[PDB]
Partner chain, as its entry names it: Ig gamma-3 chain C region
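Before any questions on binding or motion, here is one chain by itself as structure tokens, the form deposited without the partner chain.
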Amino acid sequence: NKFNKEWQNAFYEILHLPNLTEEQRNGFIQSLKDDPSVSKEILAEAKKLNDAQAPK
């Protein structure tokens, strides 16, 4: 199914990633909406970015 539990978990994980600016956050969210089938890969990249942006 297009908007499965997968898609849902990615949305709320990305929403709560701390090190993303707001622009980045809503960018990954827009991608999730524009292409639900790749929700897994969007989530990975968001974590990858969030983690690459921890202060100190």
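Numbering follows the first chain given and starts at 1.
- Stretches 39-47 and 14-22 differ in mean CA B factor, with 14-22 having the higher one.
The discussion below concerns the form solved in complex with the partner chain, not included here.
- Although the partner is absent here, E22 is not a contact residue: none of its heavy atoms lies within 4.5 angstroms of the partner chain in the bound PDB entry.
- Mapping the unseen interface onto this chain, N26 falls outside it, with no heavy atom inside 4.5 Å of the partner chain in the bound PDB entry.
- Remark: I42 counts among the residues lining the partner chain in the bound PDB entry, judged by a heavy atom distance of 4.5 Å or less.
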